[PDB]
Amino acid sequence: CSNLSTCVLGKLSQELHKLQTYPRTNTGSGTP
């Protein structure tokens with residue numbers, strides 16, 4: 001990947017962003 005802690009922190013931030021789109025769709029459109 002890139003850097004150890006940054007990869008986990010990034011994946012966790014990615015998980016939070018799809019969790020924020022949940023009121024519209026957490027699967028079909030969970031990314032900018």
# chains A, B, ... in the order shown; residues from 1 in each chain; ligands from 1
$ select_by_dssp --residues "chain A" --states "helix (DSSP H, G or I)" --output "list in words"
residues 4, 5, 6, 7, 8, 9, 10, 11, 12, 13, 14, 15, 16, 17, 18, 19 and 20 of chain A
$ atom_distance --atom1 "CA of residue 2 in chain A" --atom2 "CA of residue 22 in chain A"
28.2 Å
$ residues_around --residues "range 14-18 of chain A" --least-positions-apart "3" --cutoff "10 Å" --atoms "only C-alpha atoms" --output "PDB file with C-alpha atoms, in the first residue's frame"
ATOM      1  CA  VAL A   8      -5.526   1.412   8.103  1.00  0.00           C
ATOM      2  CA  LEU A   9      -6.536   5.031   8.929  1.00  0.00           C
ATOM      3  CA  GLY A  10      -7.411   5.543   5.191  1.00  0.00           C
ATOM      4  CA  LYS A  11      -9.502   2.306   4.974  1.00  0.00           C
ATOM      5  CA  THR A  21     -24.072   7.858   2.649  1.00  0.00           C
ATOM      6  CA  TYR A  22     -26.304   5.184   4.431  1.00  0.00           C
ATOM      7  CA  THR A  25     -27.150   4.185  -0.168  1.00  0.00           C
ATOM      8  CA  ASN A  26     -24.070   2.764   1.692  1.00  0.00           C
ATOM      9  CA  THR A  27     -23.325   0.381  -1.275  1.00  0.00           C
ATOM     10  CA  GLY A  28     -24.397   1.830  -4.704  1.00  0.00           C
ATOM     11  CA  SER A  29     -22.738   5.313  -4.223  1.00  0.00           C
ATOM     12  CA  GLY A  30     -20.452   5.343  -1.104  1.00  0.00           C
ATOM     13  CA  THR A  31     -17.568   7.417  -2.733  1.00  0.00           C
ATOM     14  CA  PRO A  32     -17.129  10.973  -4.247  1.00  0.00           C
TER      15      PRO A  32
END
